[PDB]
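As structure tokens, the structure follows; a few thoughts come after it.
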There are 4 protein chains.
Amino acid sequence: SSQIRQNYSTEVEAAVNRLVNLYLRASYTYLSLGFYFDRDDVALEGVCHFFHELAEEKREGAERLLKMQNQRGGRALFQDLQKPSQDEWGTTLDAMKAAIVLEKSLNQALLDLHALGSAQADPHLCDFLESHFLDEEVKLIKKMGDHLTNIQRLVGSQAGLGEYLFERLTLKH
Amino acid sequence: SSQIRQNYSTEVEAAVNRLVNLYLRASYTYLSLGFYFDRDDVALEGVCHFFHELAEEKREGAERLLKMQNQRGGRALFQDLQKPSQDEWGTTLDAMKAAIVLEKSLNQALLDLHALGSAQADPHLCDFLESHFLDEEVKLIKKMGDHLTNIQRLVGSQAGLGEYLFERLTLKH
Amino acid sequence: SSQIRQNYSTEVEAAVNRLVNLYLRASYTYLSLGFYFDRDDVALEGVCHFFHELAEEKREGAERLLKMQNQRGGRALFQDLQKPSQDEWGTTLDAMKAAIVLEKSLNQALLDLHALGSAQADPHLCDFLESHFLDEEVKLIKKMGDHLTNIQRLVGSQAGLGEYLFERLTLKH
Amino acid sequence: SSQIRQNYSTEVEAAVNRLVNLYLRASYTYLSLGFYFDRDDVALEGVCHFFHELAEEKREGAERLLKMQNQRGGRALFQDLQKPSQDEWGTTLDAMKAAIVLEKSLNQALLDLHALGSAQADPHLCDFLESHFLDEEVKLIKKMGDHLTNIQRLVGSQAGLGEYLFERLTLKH
Ligand SMILES: [Cl-]
Ligand SMILES: [Cl-]
Ligand SMILES: [Cl-]
Ligand SMILES: [Cl-]
Ligand SMILES: [Ir+4]
Ligand SMILES: [Ir+4]
Ligand SMILES: [Ir+4]
Ligand SMILES: [Ir+4]
């Protein structure tokens with residue numbers, strides 16, 4: 001058992017394990033989003049790349065949380081990863097709306113865990129979230145909001161044309 | 001005559017000669033497609049480049065088959081190359097639909113010859129098709145499907161605009 | 001829907017989706033194994049690295065399968081990922097025994113899918129597994145067998161000493 | 001006197017001076033540990049290096065605290081440095097146990113001062129500890145826990161052999 005654990009509450013340890021599950025589920029959702037945009041009948045490579053990069057970013061967030069759990073002397077506990085909420089993700093607009101819903105839920109989970117750390121007087125936990133998660137999340141939600149606005153400007157009455165141009169002229173290929 | 005031929009059926013030898021003719025005919029079809037898109041009254045350079053590169057790829061497939069026919073001790077026999085099925089190829093969409101029809105027919109000819117090789121217990125033939133043709137063909141049909149989807153998204157009610165943008169922003173110039 | 005699908009059975013499409021789930025579950029199992037060996041009360045960094053690298057390899061196998069599913073015009077369908085079978089993995093020997101059990105099950109799933117592809121006369125599927133999975137799996141099982149033998153030689157009556165030496169002198173740090 | 005001091009409580013100023021004394025005492029303890037492992041009748045160079053590097057790290061922590069005390073307009077006050085608690089440090093295991101006791105006491109002193117800064121609404125102090133001390137301390141305690149586990153695995157019934165191997169194969173020389 002641990003000879004290192006100090007100032008690390010069972011409540012934080014459990015919440016950190018829950019947050020790992022949320023990040024892994026987010027990674028899985030993005031894996032599904034990316035491959036949907038790779039379908040021959042969807043074929044938006046920039047959209048595929050955007051979600052594939054987010055699947056890797058969320059897996060890395062989960063790994064940083066697991067590394068921290070061991071650094072503090074907590075014990076990683078894994079649960080089932082629920083499959084993503086959809087099998088098909090509709091338009092780039094539908095997908096970007098689903099992504100910002102998902103990120104808002106992750107952000108609230110970070111803010112909840114920060115509040116628990118503050119209540120528990122766990123400044124290492126609070127610093128860890130501030131340093132590696134809170135600003136990364138604000139920057140990503142701002143980028144998704146910027147994308148949603150541009151996608152929405154492009155619908156007009158020529159939705160196909162706008163979806164193509166957004167993928168060609170904003171997203172990376 | 002051959003002092004090398006071993007495990008190489010007359011049925012495979014004949015089918016390989018037929019497949020050479022199919023690949024050369026495909027190369028000819030792509031030659032015609034490329035020059036149609038170079039016409040001053042069509043003038044889509046990315047479309048011209050796309051089909052010109054496929055004419056070279058199909059000629060190279062035919063040459064690899066002929067090289068293999070000699071490696072096995074079979075005898076190349078050439079037939080007339082039928083002119084392509086059209087003199088004018090319509091829109092980029094019409095052309096890409098004709099290209100995927102053509103590739104599906106080539107792919108079926110590869111799968112038929114693989115099945116004959118398997119029936120004849122000719123693993124060298126089966127490996128040769130797996131190594132140099134079957135995945136090349138799946139990748140090319142996937143690319144053409146991706147293109148068809150993007151071309152179709154771009155028609156809307158402004159067909160000229162979509163045809164220009166597809167050629168400028170997806171195809172190479 | 002797909003305009004590319006050719007010679008790709010619904011049975012193979014479903015089995016490919018099952019195999020993706022098996023590879024993702026294997027990746028998750030290895031994620032749990034790696035973090036267990038990073039615990040302050042286990043602290044075997046070479047063992048941690050060995051399983052962490054396998055988590056990445058299994059995720060990459062799943063992604064290659066998903067890429068192929070789209071290349072063939074099949075549709076990715078994701079299921080829940082079952083949590084790994086243990087929360088604590090015992091000794092390096094226990095862990096390596098669990099890993100070879102897991103790899104044998106993956107290998108049998110590859111051989112089953114190859115047999116289905118052969119029955120369905122799907123040479124692209126058969127080639128894909130031969131080219132990217134079957135030899136990778138044989139090489140990995142051979143490496144794990146080599147490790148198991150060395151770990152077993154090192155138990156003697158000084159189990160702690162042998163576990164340390166194996167991690168220091170065979171595994172990478 | 002100071003023309004810069006702003007939001008810097010006398011309680012924090014005094015506690016910062018106490019923490020400087022704790023860090024300097026820790027540096028002194030590590031100086032004694034390092035030279036003990038350099039004795040001709042102990043002769044564990046990796047253990048000597050490990051503690052000598054920690055003596056320098058703790059002196060640097062004290063200097064950063066003194067720099068910050070002046071940055072805030074507080075006044076450094078030095079007290080006697082108590083000699084270390086032992087003249088001889090026993091085995092590498094005894095020494096590593098004494099080191100983690102010492103680090104746990106330093107960590108608690110950091111957490112206490114963070115709590116005082118939070119009570120005093122002194123965010124600069126709180127940020128300073130989060131940025132330069134709290135994670136450095138968690139990482140060091142995790143490393144010492146990892147070492148303790150490896151040292152403990154190596155005792156078995158051949159304590160001399162395990163002590164040699166730990167110093168040769170884990171610690172730097
Ligand atoms: Cl479900
Ligand atoms: Cl004739
Ligand atoms: Cl369960
Ligand atoms: Cl005095
Ligand atoms: Ir992609
Ligand atoms: Ir041209
Ligand atoms: Ir690790
Ligand atoms: Ir020394």
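Protein chains get the first letters and strands the later ones, always in sequence-line order, with residue 1 at the start of each.
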For a side chain to side chain contact (heavy atoms under 4.5 Å, CB included) check, start with the C-alpha distance between B:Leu54 and B:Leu140, then their side-chain angles and the critical distance, and finish with the verdict.
CA-CA 10 Å; B:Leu54 287 174; B:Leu140 174 61; 3.6 Å; yes

Taking B:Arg25 for the side chain and B:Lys83 for the main chain, is one N or O donor matched with an acceptor at less than 3.5 Å?
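Not confirmed, B:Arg25 side chain does not pair with B:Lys83 backbone.
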
Does any N or O in the side chain of C:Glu13 come within less than 3.5 Å of the main-chain N or O of C:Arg75, such that one atom is a donor and the other an acceptor?
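Pair found, side chain donor or acceptor close to backbone of C:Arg75.
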
Aromatic contact, B:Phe166 with B:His147 (centres under 6.0 Å):
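Yes, the ring of B:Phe166 comes within the 6.0 Å limit of the ring of B:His147, centre to centre.
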
Is any side-chain heavy atom of B:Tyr36 closer than 4.5 Å to one of B:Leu33?
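No, side chains not in contact.
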
Hey, which of B:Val138, B:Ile100, B:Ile141 has the most heavy atom pairs under 4.5 Å with chain C?
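Max contact count across the listed options: B:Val138.
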
Need one label for C:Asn70: side chain, backbone, both or neither, based on atoms under 4.5 Å from any heavy atom in chain B.
both

According to ring pair (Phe, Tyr, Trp, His ring centres under 6.0 Å), who are the partners of B:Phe133, at least two apart in sequence or on a separate chain?
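B:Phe133 satisfies ring pair (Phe, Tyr, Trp, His ring centres under 6.0 Å) with B:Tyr23, B:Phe128 only.
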
Using side chain to side chain contact (heavy atoms under 4.5 Å, CB included) as the criterion, point out the one residue from B:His124, B:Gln120, B:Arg72 that pairs with B:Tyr8.
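Output: one option passes, namely B:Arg72.
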
Contact residues of residues 102-112 of chain C (partner chain B; heavy-atom separation under 4.5 angstrom):
none

